[PDB]
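Right, one structure below, let's go through it.
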Amino acid sequence: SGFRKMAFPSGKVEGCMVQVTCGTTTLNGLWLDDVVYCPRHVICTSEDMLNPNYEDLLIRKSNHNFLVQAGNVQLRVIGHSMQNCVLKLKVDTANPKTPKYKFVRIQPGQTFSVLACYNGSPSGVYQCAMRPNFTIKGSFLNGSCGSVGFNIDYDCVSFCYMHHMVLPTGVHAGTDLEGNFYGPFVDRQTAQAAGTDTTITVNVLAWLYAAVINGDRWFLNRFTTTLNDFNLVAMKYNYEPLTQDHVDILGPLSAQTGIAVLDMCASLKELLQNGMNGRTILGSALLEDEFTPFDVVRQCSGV
Amino acid sequence: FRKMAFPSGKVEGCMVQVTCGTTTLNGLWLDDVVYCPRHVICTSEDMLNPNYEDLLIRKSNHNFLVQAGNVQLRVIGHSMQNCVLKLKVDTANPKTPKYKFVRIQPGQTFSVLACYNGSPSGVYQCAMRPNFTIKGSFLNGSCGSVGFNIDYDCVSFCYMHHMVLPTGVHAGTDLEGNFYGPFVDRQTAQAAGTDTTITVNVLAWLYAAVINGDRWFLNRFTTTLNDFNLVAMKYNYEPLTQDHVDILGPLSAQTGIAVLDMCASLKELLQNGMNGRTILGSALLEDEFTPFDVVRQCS
Ligand SMILES: *[C@@](O)(CO)[C@H](C[C@@H]1CCNC1=O)NC(=O)[C@H](CC(C)C)NC(=O)c1cc2c(OC)cccc2[nH]1
Ligand SMILES: *[C@@](O)(CO)[C@H](C[C@@H]1CCNC1=O)NC(=O)[C@H](CC(C)C)NC(=O)c1cc2c(OC)cccc2[nH]1
């Protein structure tokens, strides 16, 4: 019963957050085994960040230039390398609370939990989606760099995001844990625009099914649509196309509710053309697109 | 603005499962006591119309299975406190945080750590409604999940889950076992009173809008607290208390907008509507962010 934007429990990640400081620059790092991972622009001064030659700036640093604090303990750095936009500090102590983990690069439209941290201290946890334009609508303040995004399956933490940048529009950009940005962004102190921000259609459909499972059907209709005719209307409204894989992925929700996927497409088509007429769905006045089909299935299966 | 939960790790380290017969739910292990909903002692048929004092008389310490994961914690004492059971166990939890038990007011927010079989599953922010329900997300097996706030290093537990209502909202107790609202722990359909909008939180939201430069709704008027409360009630808004006025103090100081001037602005929004305008990008006035949440997300 109910449907809420839900994050994974954050404790396995909290036990890995540390504080990294180089010069007057401080941000968060992720301590796994005997390595601390953090945004490489920590090595930068304020003047460097405008056009940093990172390889040039890094070679001029020594292991002792990096102060890593874990709680009240300082960890001694005994090596350091760079992998794209991520710095890897070898420390002489393995983190005893390292969980089972993997690094993965998430696909646009997928969700993950963010543990927002400041000065190496966890501050809040929330769910995000990787948008089609590879930005995320995060909540991050000064000092949040190095905060990470993750999913958990059984006991294994899959890290997928590390935070680097806020755009002029107030959305956020970052990298995977191999240091590659999501999107066309660069770790330099410049104002950057993203590509056009399309709506994650398969997710909107999942959330409509969640609304039905929770007792709201006001937006359904007796009509159907073909997949192509739906996509024509969806693209007109800057929605992503729905693929046959999306249709299949929605199967379990369609089975649970008895609403054919293309019948829900016809409902969404009507909502796009007519608007919501001051009504709300699951408490929202907008069509929500940051819950995946699996997000809905795991909260609403059996209800 | 977004709902943000507290990091959940300090609470995760306290979740256990408690079973009596085939009835299983979650409990909270702090020091050498495990707290859980007292209906764990019920068979399914017992929960239709339970006499808990009589049911408990028939239970002894050795009838309670407490597990941290798969590891059993031997129960060495038990007692009932309102609608919660307290099981003394022979092991003090080494992960016990600094904590307190608090009873919150409508409008206050908290994080819920939803758990199943003693295993944390998800975390999300909830607000206590004026009708003493929360809009949670809870499946079978979720009872005994807790809600909490974290202040510095101290976990303040405020909620333990017991009930879903026919409308699909949730009800529960504080950690002394006293329900929020008129609800009882019985297998029966129970109705919550009509709900109202949480005025103090809408005001916090309007302050948040002003902080971010969105201030078209500020008007030239003020009001008294009494006159405002009487108007607000005709729009299904809660009356403000003195505590509400006080907790708006910091946002009022930050923006320079007196609390009663902002109340007069809200009154105009209620009486005249939004005129197809938005506030913080929304035609809806948000009532699930407290003044603390607004400060916590702006700094
Ligand atoms: C990190 O904490 C820095 O360590 C920080 C996080 C942002 C602070 C405010 N909210 C955030 O998410 N990131 C930055 O400060 C980055 C630093 C880069 C990677 C060197 N820069 C930006 O976020 C950035 C710079 C500019 C800009 O310039 C000029 C103009 C407009 C936006 C903008 N963002
Ligand atoms: C706990 O897991 C029980 O241990 C369970 C939580 C609900 C299950 C599905 N989602 C939940 O939030 N709580 C219950 O099952 C309670 C048990 C009481 C305390 C003895 N029962 C209800 O919440 C319940 C019973 C009825 C009902 O009956 C008749 C009719 C309508 C609603 C309703 N809710």
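Laid out as a table, the results:
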| item | result |
| --- | --- |
| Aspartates and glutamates with Cα under 15 Å of A:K88, excluding same-chain neighbours fewer than 8 positions away | A:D33, A:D34, A:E55, A:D176, A:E178 |
| Contact order normalised by residue count of chain B, Cα under 8 Å, 6+ apart, percent | 16 |
| Links that overshoot a 26 Å alpha carbon limit, given the list A:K100/B:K86; A:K5/A:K269; B:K95/B:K135; A:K102/A:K137; B:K10/B:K86; A:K5/B:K10 | A:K100/B:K86; B:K95/B:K135 |
| Separation of the A:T98 and B:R296 label points, Cα + 7 Å toward Cβ, nm | 3.3 |
| Fewest-first ranking of A:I136, B:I211, B:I76, using other Cβ atoms within 10 Å as the exposure measure | B:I76, B:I211, A:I136 |
| Kirkwood Rh in Å, taken over the range B:185-227 so that all alpha-carbon pairs contribute | 14.0 |
| The range B:199-298, relative contact order in percent, only Cα pairs under 8 angstrom and at least six apart counted | 49 |
| Trypsin sites (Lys or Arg not before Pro) within the range B:200-258, DSSP loop, no more than 15 other Cβ atoms inside 10 Å | B:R215, B:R220 |
| Chain B, dipole about Cα centre (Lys/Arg Cβ +1, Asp/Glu Cβ -1), debye to the nearest 20 | 340 |
| Percent of beta bridges antiparallel (DSSP, chain A, rounded to nearest 5) | 90 |
| Under-5 Å amide H pairs with B:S145, H placed in peptide plane, nonlocal only | B:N26, B:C115, B:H161 |
| Geometric extent, Cα atoms of the range B:185-298 - Rg, Dmax (angstrom) | 14.9, 53 |
| Shape parameters for the range A:15-91, alpha-carbon atoms, Rg then Dmax in Å | 11.6, 34 |
| Candidate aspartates and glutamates for bridging to B:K98, where Cα separation is under 12 Å - those fewer than 8 sequence places away on the same chain excluded | B:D31, B:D151, B:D153 |
| Rg/Rg_globular for chain B, with Rg_globular taken as 2.2 N^0.38 Å and Rg from C-alpha atoms | 1.12 |
| Relative contact order computed over the range B:139-285 (Cα-Cα under 8 Å; 6+ residues apart), in percent | 17 |
| Cα radius of gyration and Dmax for the range B:153-239 (Å) | 18.2, 53 |
| Kirkwood Rh and Cα Rg combined as Rg over Rh, evaluated for the range A:1-134 | 1.00 |
| Binned Cα-Cα distances of the range A:98-203, short to long, each 5 Å bin given as a whole percent | 2, 13, 24, 26, 20, 10, 4, 1, 0 |
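All Cβ positions, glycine included, derive from the backbone under ideal geometry; neighbour counts span all protein chains shown. Taken together, the values in this text are just the output of simple stated rules run on the coordinates, not laboratory data.
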